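Using ideal geometry, Cβ is built from the backbone for each residue, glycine included, and neighbour counts are taken over all protein chains shown. No lab work stands behind these numbers, since they all come straight from the coordinates.
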Amino acid sequence: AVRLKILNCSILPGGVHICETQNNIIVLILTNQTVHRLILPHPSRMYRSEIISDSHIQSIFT
Amino acid sequence: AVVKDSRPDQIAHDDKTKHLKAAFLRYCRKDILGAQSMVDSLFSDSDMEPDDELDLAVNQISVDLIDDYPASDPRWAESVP
């Protein structure tokens, strides 16, 4: 869980979009008077293996 | 050559345990410098933070060490012919 405070502009309704690239997740968010692009690590680029029998797992936010 | 994501248990944990074993073997061979270098290569020692993953890795290394006879011991001498 992450909390992002775009303090100045309130986020427009329906203004958050997500696109995928083979390395990263690109988050494009539009507000009334501002536009933002964020880069997040891809799940497969954060290594992919769940051979071990577990009940909980770390997310991509550390 | 870090492995991404900590999580409870995966291949990264095995890599960390192997690094701990190599640093411990260096310490047995009397090299504080290489052991500390590997330790810094995984976790900063300037942190006083509680690291359950670090403690768990240390505990598992201790468990393996106490439940298995150490490398280069007379137990290997009769294990080899």
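Label separation (A:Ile51 vs B:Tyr27): 2.8 nm, computed from points 7 Å beyond Cα along the C-beta direction. The calculated FRET efficiency for the pair B:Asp15 and B:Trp76, based on their C-beta separation and a Förster distance of 22 Å, comes to about 0.35.
Other protein chain C-beta atoms within 10 Å of residue C-beta, averaged over B:6-13: 5. Between B:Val39 and A:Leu38, the simple label model (points 7 Å from Cα in the Cβ direction) yields a spacing of 3.7 nm.
Excluding same-chain neighbours fewer than eight residues apart, the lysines reachable from B:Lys30 by a Cα-Cα span under 30 Å are B:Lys16, B:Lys18, B:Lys21. Given the C-alpha centroids of segment B:1-61 and chain A, what is the distance between them in whole angstrom? Each part reduced to its Cα centre gives a spacing of 29 Å. Between A:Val27, A:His56, A:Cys9, the Cα set farthest toward the positive side of the dipole of chain A (charges on each charged residue's Cβ, about the Cα centre) is that of A:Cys9.
Between A:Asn8 and B:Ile66, the simple spin-label model (points 7 angstrom out along Cα→Cβ) gives 5.9 nm. Angle of helix B:52-67 to the longest C-alpha principal axis of chain B, folded into 0 to 90 degrees and rounded to 10: 0°.
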